[PDB]
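Asker: Just dropping this structure here.
With ideal geometry, Cβ positions are generated from the backbone for all residues, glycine too; neighbour counts draw on all protein chains shown. Where a number appears in this text, it was derived from the coordinates with a stated rule and is not lab data.
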Amino acid sequence: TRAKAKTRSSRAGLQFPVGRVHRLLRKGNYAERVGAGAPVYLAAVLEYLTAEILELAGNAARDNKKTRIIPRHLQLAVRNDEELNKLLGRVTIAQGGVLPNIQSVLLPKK
Amino acid sequence: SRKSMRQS
Amino acid sequence: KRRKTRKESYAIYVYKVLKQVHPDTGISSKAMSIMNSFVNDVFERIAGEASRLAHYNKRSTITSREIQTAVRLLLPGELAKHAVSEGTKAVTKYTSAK
Amino acid sequence: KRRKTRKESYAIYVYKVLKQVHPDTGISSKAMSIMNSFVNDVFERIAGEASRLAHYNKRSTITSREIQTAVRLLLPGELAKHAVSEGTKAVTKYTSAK
Amino acid sequence: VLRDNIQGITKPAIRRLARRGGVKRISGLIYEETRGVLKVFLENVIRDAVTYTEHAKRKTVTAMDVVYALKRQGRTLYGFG
Amino acid sequence: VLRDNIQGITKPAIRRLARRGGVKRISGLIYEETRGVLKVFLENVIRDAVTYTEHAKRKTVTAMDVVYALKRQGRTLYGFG
Amino acid sequence: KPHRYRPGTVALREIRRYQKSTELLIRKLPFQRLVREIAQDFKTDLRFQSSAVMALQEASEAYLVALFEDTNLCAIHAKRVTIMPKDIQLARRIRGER
Amino acid sequence: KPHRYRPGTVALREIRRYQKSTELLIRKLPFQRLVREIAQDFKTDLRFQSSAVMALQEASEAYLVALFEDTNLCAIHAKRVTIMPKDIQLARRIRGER
DNA sequence: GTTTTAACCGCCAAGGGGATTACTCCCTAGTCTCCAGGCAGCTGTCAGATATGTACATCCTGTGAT
DNA sequence: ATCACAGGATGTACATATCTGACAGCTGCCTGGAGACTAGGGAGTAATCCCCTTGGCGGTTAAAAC
């Protein structure tokens with residue numbers, strides 16, 4: 001009898017689908033062959049980035065007295081983190097708005 | 001021997 | 001009558017990660033779509049960089065090293081090093097199990 | 001007496017096109033390298049656009065119409081229409097021949 | 001046949017967009033320039049989207065076509081697939 | 001170990017670069033800012049090139065590595081392969 | 001004597017209000033009509049999905065807001081607090097769109 | 001008694017001369033030393049091909065020339081003929097680099 | 001305009017390693033079978049949108065004053 | 001006589017009550033991922049070569065510094 005099925009995500013201690021990433025790499029016309037550890041590494045990287053953005057968005061939501069993350073929270077999280085802003089510099093988030101930035105020259109004179 | 005219509 | 005054709009998304013994985021990082025915080029449909037598009041975009045970026053790396057070195061296989069170099073080339077500063085550490089940890093654990 | 005490896009380039013074809021458009025005109029090594037890099041870059045751009053066009057439409061074959069759509073997307077206007085005309089004429093002649 | 005719809009982008013709309021951009025004072029000639037710039041941008045994006053739609057042999061411009069057109073121009077949009 | 005090599009970009013060199021750019025009058029504080037900008041740009045390009053070289057298991061940074069580094073930053077350079 | 005705010009208090013209030021808010025600032029029907037009129041020049045009898053028009057409006061508003069931020073920066077550079085068409089032209093020329 | 005040109009004739013002459021010319025404007029050895037010093041922080045005992053350093057110099061000079069063009073445009077926008085560090089900062093901010 | 005210096009060039013010399021070739025093995029594509037993770041579909045319920053009234057925050061002009 | 005408060009008006013942030021629809025959870029199932037093998041070649045590794053990078057050294061003077 002064959003052994004009980006165990007997902008590759010559980011082996012690496014990851015929540016993202018390692019098998020789905022492997023299938024997308026194989027069927028994405030990227031290379032003739034795909035290594036075994038490559039989908040694991042890519043799933044780990046994607047999970048880390050998602051965790052960072054979700055943590056920052058949850059912090060923003062808690063600061064806005066909300067319990068559900070909305071696009072505004074994601075936009076605030078992305079544009080407030082320097083590295084995340086650099087990564088998504090040319091990315092537009094729908095319904096995210098803009099930061100409250102008013103130039104100091106336009107402020108009233110005391 | 002070769003001319004392009006883009007430059008007329 | 002007939003169920004719509006299934007469309008694969010990263011919704012459940014993003015929700016699991018959110019519950020890991022914020023047990024009490026939820027997520028809206030638009031925010032979930034934005035997260036899914038972000039995951040797809042990052043996956044496409046990393047895969048394309050790894051493919052270009054393999055082509056430049058006349059290699060036929062994308063391995064952990066090629067993805068790692070793609071991550072180092074695409075993520076800025078602390079993001080790159082943290083992603084490298086997380087990925088190497090995951091690969092080490094995966095090879096340690098089976 | 002170790003012969004250098006074969007490095008493929010578009011130099012001879014660029015020279016033929018130059019002799020077609022300017023019989024009494026030469027080209028330097030640096031200019032030839034620049035033209036070769038331009039050909040390679042445009043080839044990569046069009047091929048990538050055609051590949052993502054095929055992926056978007058869930059097709060496994062890059063055909064003439066995918067390349068045509070890539071040319072229409074990447075080239076600025078009159079260049080695009082003249083390139084499309086030349087490509088269609090060449091494809092028609094090739095199909096007519098054999 | 002639709003005509004003269006660029007005037008539909010009214011002066012208050014451009015003023016609101018400038019306020020969101022942080023502009024405190026707007027000249028009267030800003031509106032025509034903004035309308036022209038918006039027309040050029042929409043022309044480019046819609047041209048790319050229609051090219052994508054025509055390649056797919058479809059008669060309906062989809063959200064995915066717009067997303068692909070924006071990505072081709074280096075203006076990736078999140079939240080529409 | 002090399003040090004203080006940013007000063008090798010002399011004032012006449014920056015003036016020549018500005019003249020090629022059409023600049024007629026140059027402030028005295030332009031040179032430090034230009035050196036800093038050039039240092040940042042070179043740091044980015046060289047970091048990408050060294051990453052490419054390390055991935056290739058080479059110890060010599062090749063022209064192809066620099067070309068790939070520039071192309072990654074949207075600065076494709078012809079004439080070097 | 002009726003109450004009147006000085007010329008610039010209400011402008012700052014509007015800036016704060018529209019930077020705090022995230023809803024679209026252009027009317028939906030005029031923008032849809034403009035999109036359809038522009039698309040008429042590329043292909044006749046075109047249909048549009050609602051999500052397509054929403055995405056187009058989102059992208060256009062984001063682009064216009066970024067352009068207005070650059071225009072405000074350029075106008076401040078000229079020791080002015082009023083944006084002028086020359087500021088927009090300078091911003092678009094530096095960006096590389098002209 | 002000695003012949004002296006007015007303050008700006010020689011600047012225009014140099015502009016014309018260096019826009020006619022195409023040779024590199026930065027000395028080779030200082031730029032190579034700067035490249036090696038910068039690369040020392042990334043990897044030790046690194047070697048460089050001559051073509052790599054030439055490509056780096058060409059890219060750096062082209063980038064600086066474009067930046068100086070944008071800086072001149074910014075300076076003209078402020079009713080000035082002298083470029084200032086704030087002009088460079090504004091150009092880089094509009095470009096999207098700082 | 002005057003004084004200084006190191007960039008450049010020509011030449012020579014040593015060796016590090018990039019590139020090539022040969023060999024071999026083990027990692028991945030491919031296939032078959034099996035099963036359970038995820039997706040479409042319902043459904044209930046509570047977080048936020050919407051009034052709604054109220055307590056400040058802030059702006060602006062009159063005005064008393066040192 | 002030009003400058004701090006006084007106070008009025010407006011707007012905005014802040015409890016509070018309704019309600020709803022969108023989100024989170026449960027269910028059935030099927031298709032895609034997992035287990036278990038085989039074949040074969042892509043790549044890791046060892047040996048070698050020569051070339052091309054690095055180091056040095058002296059003379060000239062254009063360019064850098066003042």
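Asker: Has segment C:13-36 got any residue that is facing chain A (nearest Cβ under 7 Å), more than 13 Å from DNA strand I (Cβ to nearest atom) and in contact with a strand residue (DSSP E or B) (Cβ under 7 Å, 6 or more places away or on another chain)?
Answerer: The answer is yes; a qualifying residue exists.
Asker: Something else: Mind counting the residues in segment C:10-39 that are within 15 Å of A:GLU52 (Cα to Cα), within 9 Å of DNA strand J (Cβ to nearest atom) and of a type in the set (D, E, K, R)?
Answerer: Total meeting the criteria: 1.
Asker: I'd like the residue in segment A:1-34 that is of a type in the set (D, E, K, R) and near DNA strand J (Cβ under 6 Å from one of its atoms) and, out of all such residues, is farthest from C:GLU8 (Cα to Cα).
Answerer: Looking only at segment A:1-34, we keep the residues that are of a type in the set (D, E, K, R), and these are A:2, A:4, A:6, A:8, A:11, A:20, A:23, A:26-27, A:32-33.
Then keep just the ones that are near DNA strand J (Cβ under 6 Å from one of its atoms); that gives A:2, A:6, A:8, A:20, A:23.
On the way: A:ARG2: 28, A:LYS6: 21, A:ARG8: 18, A:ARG20: 10, A:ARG23: 12 Å.
The residue in question is A:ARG2.
Asker: Continuing with the same structure: Among the residues of segment A:87-105, is there at least one that is free of Cβ contacts under 8 Å to residues at least 40 places away in the same chain, of a type in the set (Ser, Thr, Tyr) and within 13 Å of DNA strand I (Cβ to nearest atom)?
Answerer: no
Asker: Something else: Using the structure shown, decide if A:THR1 is within 11 Å of DNA strand I (Cβ to nearest atom) and of a type in the set (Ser, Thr, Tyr). Before you say what the answer is, go through the steps one by one.
Answerer: Details: within 11 Å of DNA strand I (Cβ to nearest atom): yes; of a type in the set (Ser, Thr, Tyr): yes.
Here the answer is yes, as A:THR1 does meet what is asked.
Asker: Any idea which residue in segment A:21-42 is surrounded by the most Cβ atoms within 10 Å (Cβ to Cβ), counting only those that are more than 16 Å from C:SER64 (Cα to Cα) and either at the interface with chain C (Cβ under 7 Å from one of its Cβ atoms) or more than 10 Å from DNA strand I (Cβ to nearest atom) (or both)? Give the steps one after another, and end with the answer.
Answerer: To start, the set of residues in segment A:21-42 that are more than 16 Å from C:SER64 (Cα to Cα) comprises A:27-29.
Pick out the ones that are also either at the interface with chain C (Cβ under 7 Å from one of its Cβ atoms) or more than 10 Å from DNA strand I (Cβ to nearest atom) (or both) and you get A:28-29.
Numbers: A:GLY28: 17, A:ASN29: 15.
Filtering segment A:21-42 for residues that are more than 16 Å from C:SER64 (Cα to Cα) and either at the interface with chain C (Cβ under 7 Å from one of its Cβ atoms) or more than 10 Å from DNA strand I (Cβ to nearest atom) (or both), the one surrounded by the most Cβ atoms within 10 Å (Cβ to Cβ) comes out as A:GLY28.
Asker: Within segment E:2-30, work out how many residues are aliphatic (A, V, I, L, M) and either touching a residue at least 40 places away in the same chain (Cβ under 8 Å) or farther than 18 Å from G:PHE31 by Cβ (or both).
Answerer: Qualifying residue count for the region: 4.
Asker: Out of E:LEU17, E:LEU42, I need the residue that is in contact with a helix residue (DSSP H, G or I) (Cβ under 9 Å, 6 or more places away or on another chain) and under 22 Å from A:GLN103 (Cβ atoms). Which one? Talk me through it step by step, then tell me what you get.
Answerer: Working: E:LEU42 fails: under 22 Å from A:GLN103 (Cβ atoms).
E:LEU17 is the lone residue from the list that is in contact with a helix residue (DSSP H, G or I) (Cβ under 9 Å, 6 or more places away or on another chain) and under 22 Å from A:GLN103 (Cβ atoms).
Asker: Now a separate question. Within segment A:77-86, can you find the residues that are touching a residue at least 12 places away in the same chain (Cβ under 8 Å) and not acidic (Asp, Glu)? Full working, then the answer.
Answerer: Going residue by residue through segment A:77-86, those that are touching a residue at least 12 places away in the same chain (Cβ under 8 Å) are A:77-81, A:84.
Scanning segment A:77-86 gives A:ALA77, A:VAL78, A:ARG79, A:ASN80, A:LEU84.
Asker: Has segment G:17-36 got any residue that is among the β-branched types (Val, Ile, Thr) and within 15 Å of DNA strand J (Cβ to nearest atom)? Outline the logic, then answer.
Answerer: Filtering segment G:17-36 for residues among the β-branched types (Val, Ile, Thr) gives G:22, G:26, G:35.
This time we only want the ones that are within 15 Å of DNA strand J (Cβ to nearest atom), so: G:22.
Yes, segment G:17-36 contains a residue that is among the β-branched types (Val, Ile, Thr) and within 15 Å of DNA strand J (Cβ to nearest atom).
Asker: In addition: Would you list the helices (runs of 4 or more DSSP H) that sit entirely within chain H and hold 3 or more residues that are over 14 Å from the mean Cα position of the chain (by Cα) and crowded, with 17+ Cβ neighbours inside 10 Å?
Answerer: Numbers: elements: H:9-20, H:28-40, H:50-77, H:85-95.
The qualifying helices (runs of 4 or more DSSP H) are H:28-40, H:50-77, H:85-95.
Asker: If you scan segment G:1-16, which residues turn out to be more than 8 Å from chain E (Cβ to nearest Cβ) and within 11 Å of DNA strand J (Cβ to nearest atom)?
Answerer: Start the filter on segment G:1-16 by keeping residues that are more than 8 Å from chain E (Cβ to nearest Cβ), which leaves G:1-7, G:9-10, G:13, G:16.
G:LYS1, G:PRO2, G:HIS3, G:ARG4, G:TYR5, G:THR9, G:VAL10, G:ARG13, G:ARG16, listed by residue number.
Asker: Quick check on segment H:33-52. Is at least one of its residues more than 9 Å from chain F (Cβ to nearest Cβ) and within 18 Å of F:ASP4 (Cα to Cα)?
Answerer: The answer is yes, given that some residue of segment H:33-52 is more than 9 Å from chain F (Cβ to nearest Cβ) and within 18 Å of F:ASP4 (Cα to Cα).
A quick yes/no check of all residues on (1) surrounded by fewer than 17 Cβ atoms within 10 Å (Cβ to Cβ); (2) within 7 Å of another protein chain (Cβ to nearest Cβ); (3) within 15 Å of DNA strand J (Cβ to nearest atom):
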residue	(1), (2), (3)
F:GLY8	no, yes, yes
F:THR53	no, no, yes
F:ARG58	yes, no, yes
F:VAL67	no, yes, yes
F:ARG75	yes, yes, no
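Asker: Need at least 2 residues that are among the acidic types (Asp, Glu) and under 27 Å from A:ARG90 (Cβ atoms) per element, so show me which helices (runs of 4 or more DSSP H) inside chain F make the cut, counting only ones lying wholly within it. Reasoning before the result, please.
Answerer: Numbers: elements: F:11-20, F:30-55, F:63-72.
Qualifying helices (runs of 4 or more DSSP H): F:30-55.
Asker: Do you know which residues across segment A:83-110 are out of contact with any helix residue (DSSP H, G or I) (no Cβ under 6 Å at 6 or more places or on another chain) and within 23 Å of C:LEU74 (Cα to Cα)?
Answerer: A:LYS86, A:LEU87, A:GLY89, A:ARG90, A:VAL91
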